[PDB]
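Asker: Before anything else, here's the structure in question.
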Amino acid sequence: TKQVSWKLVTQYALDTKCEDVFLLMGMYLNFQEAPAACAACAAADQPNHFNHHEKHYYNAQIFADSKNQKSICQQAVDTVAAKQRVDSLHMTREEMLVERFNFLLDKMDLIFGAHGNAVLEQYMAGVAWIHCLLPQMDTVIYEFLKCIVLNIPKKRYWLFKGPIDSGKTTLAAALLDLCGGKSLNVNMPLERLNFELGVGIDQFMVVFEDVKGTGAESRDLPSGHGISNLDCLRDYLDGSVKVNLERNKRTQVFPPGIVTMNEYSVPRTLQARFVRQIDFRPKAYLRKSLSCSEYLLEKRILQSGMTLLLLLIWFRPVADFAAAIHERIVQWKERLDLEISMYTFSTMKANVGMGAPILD
Amino acid sequence: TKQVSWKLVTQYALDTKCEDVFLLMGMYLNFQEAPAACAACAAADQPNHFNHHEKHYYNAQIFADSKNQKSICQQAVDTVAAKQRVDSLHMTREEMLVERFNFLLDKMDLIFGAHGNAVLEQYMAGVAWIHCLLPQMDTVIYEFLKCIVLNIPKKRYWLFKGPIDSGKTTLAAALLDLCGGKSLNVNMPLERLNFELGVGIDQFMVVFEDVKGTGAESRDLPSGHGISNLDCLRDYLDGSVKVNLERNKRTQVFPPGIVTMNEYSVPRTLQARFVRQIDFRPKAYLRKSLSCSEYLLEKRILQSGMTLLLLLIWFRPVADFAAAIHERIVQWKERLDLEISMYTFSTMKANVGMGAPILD
Amino acid sequence: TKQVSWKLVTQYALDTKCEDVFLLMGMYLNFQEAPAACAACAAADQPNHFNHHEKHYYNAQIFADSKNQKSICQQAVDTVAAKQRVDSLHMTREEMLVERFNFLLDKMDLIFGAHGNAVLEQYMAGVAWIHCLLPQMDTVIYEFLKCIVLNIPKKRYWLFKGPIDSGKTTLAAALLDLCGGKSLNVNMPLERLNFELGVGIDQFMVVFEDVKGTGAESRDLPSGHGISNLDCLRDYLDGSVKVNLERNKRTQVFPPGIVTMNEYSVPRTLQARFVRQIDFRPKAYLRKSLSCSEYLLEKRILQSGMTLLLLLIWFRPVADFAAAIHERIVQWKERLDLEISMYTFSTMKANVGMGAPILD
Amino acid sequence: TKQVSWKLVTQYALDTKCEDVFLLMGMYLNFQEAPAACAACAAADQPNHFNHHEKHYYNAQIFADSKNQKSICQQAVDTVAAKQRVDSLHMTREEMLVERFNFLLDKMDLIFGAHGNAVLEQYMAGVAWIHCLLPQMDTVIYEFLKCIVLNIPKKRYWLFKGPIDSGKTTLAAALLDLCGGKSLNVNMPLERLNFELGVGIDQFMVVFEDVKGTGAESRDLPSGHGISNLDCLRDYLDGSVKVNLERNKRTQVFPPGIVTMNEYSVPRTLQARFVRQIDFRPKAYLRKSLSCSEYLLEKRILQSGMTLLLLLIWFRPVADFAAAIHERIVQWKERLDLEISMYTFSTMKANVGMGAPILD
Amino acid sequence: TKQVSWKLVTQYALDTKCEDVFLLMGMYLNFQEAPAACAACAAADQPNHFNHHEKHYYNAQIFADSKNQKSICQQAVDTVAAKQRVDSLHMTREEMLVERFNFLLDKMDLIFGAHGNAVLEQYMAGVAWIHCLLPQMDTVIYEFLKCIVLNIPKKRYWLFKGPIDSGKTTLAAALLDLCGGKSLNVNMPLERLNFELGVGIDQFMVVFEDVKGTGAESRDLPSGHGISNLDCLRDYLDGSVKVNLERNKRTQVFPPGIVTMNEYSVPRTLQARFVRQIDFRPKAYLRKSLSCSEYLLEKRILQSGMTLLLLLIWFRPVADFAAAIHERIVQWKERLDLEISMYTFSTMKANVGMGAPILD
Ligand SMILES: c1ccc(Oc2ccccc2-c2nn3cnnc3s2)cc1
Ligand SMILES: c1ccc(Oc2ccccc2-c2nn3cnnc3s2)cc1
Ligand SMILES: c1ccc(Oc2ccccc2-c2nn3cnnc3s2)cc1
Ligand SMILES: c1ccc(Oc2ccccc2-c2nn3cnnc3s2)cc1
Ligand SMILES: c1ccc(Oc2ccccc2-c2nn3cnnc3s2)cc1
Ligand SMILES: [Zn+2]
Ligand SMILES: [Zn+2]
Ligand SMILES: [Zn+2]
Ligand SMILES: [Zn+2]
Ligand SMILES: [Zn+2]
């Protein structure tokens, strides 16, 4: 009888960075039909399918007849986790950011391509709104990337503070997506904390999202254990030494990142853990401009790492990006130039400032 | 010795969307007897049996002699879960609703067919009662389907508020069945919450059923953690970003849906999460008409997604439905036309309004 | 080497409805000795042995030499669970009651037979006592069976209320045995509730036994969470929609049944969930008659489903039973006629009323 | 290569009623050496070894070379549990007591035999002390055995009440050993109760040992949940219906037995559950006689089921015992007659009454 | 291919009493190199290596090439546990103490031998200090051994009471090591107690170390649940009946031993459980002598079972030890005689009494 190549299934999982045994199984089974008569290959809208179908066709036919499908996929997924362990220890943090930028650029090549449905001008409208959120915004994002890549002890965490719908949640979500990190909830009691902190294993960056304090009920702010919990996690935030994380599973320097919170009282000991604090104040023109440009909210553009990378490609020269992605940055600069100019971009920012629709 | 085709058992599970290892085992074993002398095939009342018996007969005989029956069925059920993972990521939300409508139409073809026992006029009486529950009811249902399919951030959740037996529970149950979602209970403490929220993995929509608040004991309303819990789940309700769900198991945008509750105080922060609120007030004629038309309650017609789809087929033209199901909508319109007219339907609604039996 | 037929072991488990892996193993090993010299076969007092020994003799000899006995039995027991899953979805509720009546009649054929030790006149004395417990008792039982078979939403639960030794516990236990359901304890906190509710999976009916309330300590009634718990289980009691039961394991309409309790205060919201309430008041003559007819208590006759089925066979004509069991009802009517008459039965009820021994 | 007989290892486990996988493994490995030069066989002090060595010698040599020893023993132990399941359902309760008496008689044949070290006169001295503990003591024990064998609902539990060292703990321990039951601790909260009650699965009888109440601290009695817990276990104590026991594992009538406690207040509802209450009052002569006859305490004679069976063999005629053990009762009566007379036994009881050493 | 002898690996584990799967694996792998060029064999300082290398060399080479190393070692370790189960039931308690004394003598033969580093005069200095701790100390130790071997009900537990550094902890630790028992912590709540009590399974003796009471905070003594817990464990301490221990795992008479505690109030009911109480009072000369003879503390001599056995070999004649070890006691008496005399031993005790260095 024909033998299935476990190595080839693993190669597919490695090429697509697949961490889900069931997703892998389903995707691999979808390669068993003839690629010449494959409608998914003709549509060319799913690269994880159309770029691999021909290569995996004969192996997928054998896989379809297998009595050990889950085990083949478990070894493949384990190899992906094994590669991630090797990279977390050998890859430089700049190489880690290049890998994430390449993932975002692959997604951008698709959604703004011939077989995609995204509108590039709508994402550029988001770029204009984001550039209006803070002064020197391209420098804010660039200096955040430097903070994450350099990973300097005591200079690794930024604090985002402000009320609801102030751009604080949005910017933190977009920066998380740009770097490719994980969000954490520390509003739970200390008993469940260690399992939640374990989510940061092999992660590039993290966001401690919507951290709550106590005694702010008189200002309509909810009570939580967040601020108290974070104040007892100095070694995790500082990154001077390795911490023991469990989900024990790994001993590593806890990832850098962001803490987001409303207007709670910050203890002196927790305040000292942040190299920078950004205060987010709601601006009437930002909300108005957003209400007039609904596509931004509907298509989740403002929370996208692709929007922040387009901002960077728009504002920053080729030399500001790592050498390994220079060719892709140049091709994206040519693409953006065809559709927007410094004059039309300036009009978009002027439209934001007036609380009018960003696109005329 | 003869070898059992694991692929064929998987094909049966895929064709019937079987997610239960024991149900699959029992159903497959029932294919081992000769289909020519099969009473279940002659009765033709169970499509998951009579449409598959002949195809799986020889394989079921081999399956009956197997010493590894549970393992064969586990791989089959896993393949169904794998396909669901692939669809949750590749299928458009319109395609997801088409699949559910096709499932409801298959059930309708059976129960209102030659080998079925349901009475089509009784379901149409339910359509009349439902159309009397709210003004422009066909538009209410249609706009709910648009809300679920479009899945727009901050515009994904509807609030159903009213006392007991006000039509609030019934409409939410019928909309859940129409879309094919899951019901959730958030009246438990935060410690058990994450396991309950994990029920929403790969789901099209959800209902947070009978959410309880505090301090409404003086108005005979029970105390619960529901309203407090929902107020701490902004990212789940908004759908702006992906949430980490566990039953970790999957990172996804939490499904859209409905929250149902009695007349509790809604906090300003939780109130802002609903794009629409429908207030359900008990009407004496609705209860009276129901008491005179007992078949509605006895046969669970008012809670049925089939009743809401019949309402849609009755009120809305063919172009209001997706192109993929147009042929089935046309055949159902012809079926309904033979049994009810706009005049006889209007009499049914007039009978509801008088609190008299819906069917004369 | 000889191969054991897993299919034949499964067939034995299916024929005896065996749900216990260890019981199956022990019963099957007892078939390895020669049936011609088998004392258990000569005694003919255990049908699960003597009706299967000859058929399974050669396979049991091979089974005795097996190095995988537990696994063979696990697949057999799993097939029994698989069949139960298929029946819970395809069998009509009338067919489910026929299956239970046939199980009770098989037991009756044995204990009142040539190789049995039960005294039919003693069970008929129990029939007389039960018929004295409530007016029109044969109608009470028959209408309960109709309630369970019909399974109508909001009309599925009966409330049995009274002090200790009032016939309330006895009648509920006997009705449970007649239908073949499970008893549930809801006096535990909500944290453990879901695991207990999961006991109702694939069950025909349930009894929420000895439900306790609060603040009745001044009337010597114990405190418990029962009444509070049941008041938060409307969807389980009503049966309008399917509930998610776990022991997740199955999504189904929660079984119908009975709630038994002492004289606690019932909340308006929980009271509305019962289509009928029966109040049990202790009668001095019932206790006295029981003290004079000790065999009833000693032989567990009053709690037996066989006693309630004998009551039905005695009072009701052949047409009141399903067509599938008519031949067995006729044979039991002939058996009862040989031993009791309407005159001698009337004397037994007169003896109950006088608090004297039921049998003269 | 040579094959190990799993059936033969199972036969050894069945013959010795072995329920411990590790004990079985160790005992079986001790059969691998030549029985002709076996010192354990020459000593003849361990029947579970010397009566099986020759039969299992060749199989034990093969077992010694096995790479699957634990699995062979697991199937053997499982078969013992399977046989116990079959017996719990088919064996009459008289047959269950015969099996226990035969186990005690096998132990007695050994310890009072040529290769034993026990002194029969010392056990008879214990018989005299036990016969002085309560009036008509041989009738008390005999009526307890009738209570356990008959297992009549509401007439299955005896209450033993008294202070420390009153003979209450001793008699209950000796009756437990005589019947072969299990002791239970119900002084724990209700949360852990069900796992403890599960210890009664397939058991002949149980003792709820040293049950504690509340508010008796002013009388130097410790506080506990025992009495409160037992008051909520009516169905377990009454034995009118089957209870669901877990360690779910089995549905059965909870075993009969004894409840022992100090002088706590017994609630009216819990008091009604006992068919008999024995009050144990400390007697100065009993303690004094015991202090003068130390061998009773040192050799654990007063807590032994062998002491109670010797009491029965001494006081009761052959016809009072089941027919199956008549030959063994006759041989033990002849043995006792050689060493004690009704006159010398009467002197022993007179010595107890004087608080002097029982043996002159 | 070559086959590994599982029996031989088991034989090594049995010979070294190995209860650690990982230790066994590591020790066995260290036998794969040539014994002629083995530095560990030339050093001759580890008997578990040098006395087994040659015997296991060829099997260890095959073991090194095995793909099932952990499983081979698991069966070996299981056989050691199986042998321990057999011995716990068949070995006399005197034979159990002989086995422990032989283990201590093997260790003594090594550390005081040609390839050892211990100084015999330093251990004899410890013997002198220990003999100064209590009057008739050789009789105290000997009577403790009699108490443990005889294991008489109600006469099995000794109480050691005194403040910190009073010799109480040291003597209890040394007696534990001499007998080969386990230490237990009962200062935890009753919920975790049963798992801790399960540590006493198959153990010769136990020490309930540093038991804490309540309300002694005014005397600088810490609060704990120890004394309260022990007061509810009468059946465990008395040893009149078998207790059910879990880590259920085994039904056995709980081991005898010691309870150590500071000056807390002992309840009358717990006090009655001890056949002997030793009060430890700090003596200034004992601490001073210890400060001048640092090697005692540095080399853990005072806590050693070897020190107590040397005390016994020094003070007691050959007939005081079991016949099986007489030859080893004689050889150790000759060894001690070469290095110390009754005169030089008396000088050591005089040096202790003066608080001066024990060795001149
Ligand atoms: C409806 C409701 C809220 C809403 O606000 C936002 C929604 C998403 C992301 C950002 C915002 C805002 N950021 N921002 C800064 N200054 N004012 C604002 S609002 C927009 C529409
Ligand atoms: C008996 C008890 C209750 C009952 O009520 C209902 C039962 C099921 C579903 C809906 C209803 C009602 N919906 N509605 C709206 N205005 N009044 C009402 S009653 C009907 C019969
Ligand atoms: C001893 C203790 C109690 C006892 O009572 C009963 C025992 C079992 C089942 C039913 C009863 C009673 N049912 N009933 C109705 N009116 N009075 C009564 S007593 C009988 C004997
Ligand atoms: C030392 C400490 C206690 C002790 O008491 C006993 C020990 C074990 C078993 C029974 C007893 C007693 N039963 N009994 C009846 N009337 N007085 C007594 S004492 C004996 C010696
Ligand atoms: C430093 C700190 C403490 C210390 O005490 C000891 C250390 C270990 C073992 C025993 C002792 C003592 N046993 N003992 C009896 N009378 N006084 C004392 S002290 C010695 C040095
Ligand atoms: Zn393709
Ligand atoms: Zn068929
Ligand atoms: Zn037979
Ligand atoms: Zn032997
Ligand atoms: Zn060596």
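We count from 1, first residue shown onward.
According to its header, this structure was worked out by X-ray crystallography, 2.0 Å.
Backbone N, Cα and C define each Cβ position, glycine as well.
Annotation source Swiss-Prot lists ATP binding site at C:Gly162, C:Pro163, C:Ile164, C:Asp165, C:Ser166, C:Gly167, C:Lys168, C:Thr169.
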Asker: Of all the binding-site residues here, C:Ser166, C:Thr169, which one's CB has the most other CB atoms within 10 A?
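Answerer: Highest number of other Cβ atoms within 10 Å: C:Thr169.
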Asker: My understanding is the cutoff is Cβ-Cβ under 8 Å with a sequence separation of 6 or more in the same chain; which residues meet that for C:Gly167 (ATP binding site)?
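Answerer: Once residues fewer than 6 apart are set aside, C:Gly167 (ATP binding site) is near C:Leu133, C:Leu134, C:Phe280, C:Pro282, C:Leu286.
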Asker: Report the residues of the chain - excluding C:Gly162, C:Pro163, C:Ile164, C:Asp165, C:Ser166, C:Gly167, C:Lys168, C:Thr169 - with C-beta within 8 Å of the mean position of the site's C-beta atoms, for the recorded ATP site, in sequence order.
Answerer: C:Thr170, C:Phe280, C:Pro282
Asker: So if I measure Cβ to Cβ from C:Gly162 (ATP binding site) and keep only same-chain residues at least 6 apart in sequence, which ones fall under 8 Å?
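Answerer: Residues satisfying the criterion: C:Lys168, C:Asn262, C:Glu263, C:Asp279, C:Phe280, C:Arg281, C:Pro282.
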Asker: Near chain B, which of the binding-site residues C:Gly162, C:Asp165, C:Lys168 can you find when the cut-off is a Cβ distance under 8 Å?
Answerer: none
Asker: Who sits close to C:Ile164 (ATP binding site): which same-chain residues at least 6 apart have their Cβ under 8 Å from its Cβ?
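Answerer: Sequence-distant Cβ neighbours: C:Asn262.
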Asker: Please give me the CB contact count at 10 A for C:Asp165 (ATP binding site), counting all chains in the structure.
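Answerer: I count 15 other Cβ atoms within 10 Å of it.
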Asker: For C:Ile164 (ATP binding site), what is the secondary structure by DSSP, using just helix, strand and coil?
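Answerer: Reduced to three states, the DSSP call for C:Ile164 (ATP binding site) is coil.
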Asker: Are there any residues at least 6 positions away along the chain from C:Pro163 (ATP binding site) with a Cβ closer than 8 Å to its Cβ? List them or say none.
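Answerer: C:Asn262, C:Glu263, C:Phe280, C:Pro282 - these are the non-local Cβ neighbours of C:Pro163 (ATP binding site), listed in sequence order.
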Asker: For C:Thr169 (ATP binding site), which DSSP three-state class applies?
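Answerer: Note: C:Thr169 (ATP binding site) is helical by DSSP.
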Asker: Going through the binding-site residues C:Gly162, C:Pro163, C:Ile164, C:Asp165, C:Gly167, C:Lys168 in sequence order, which have a CB under 6 Å from an atom of ligand 3?
Answerer: C:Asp165, C:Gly167
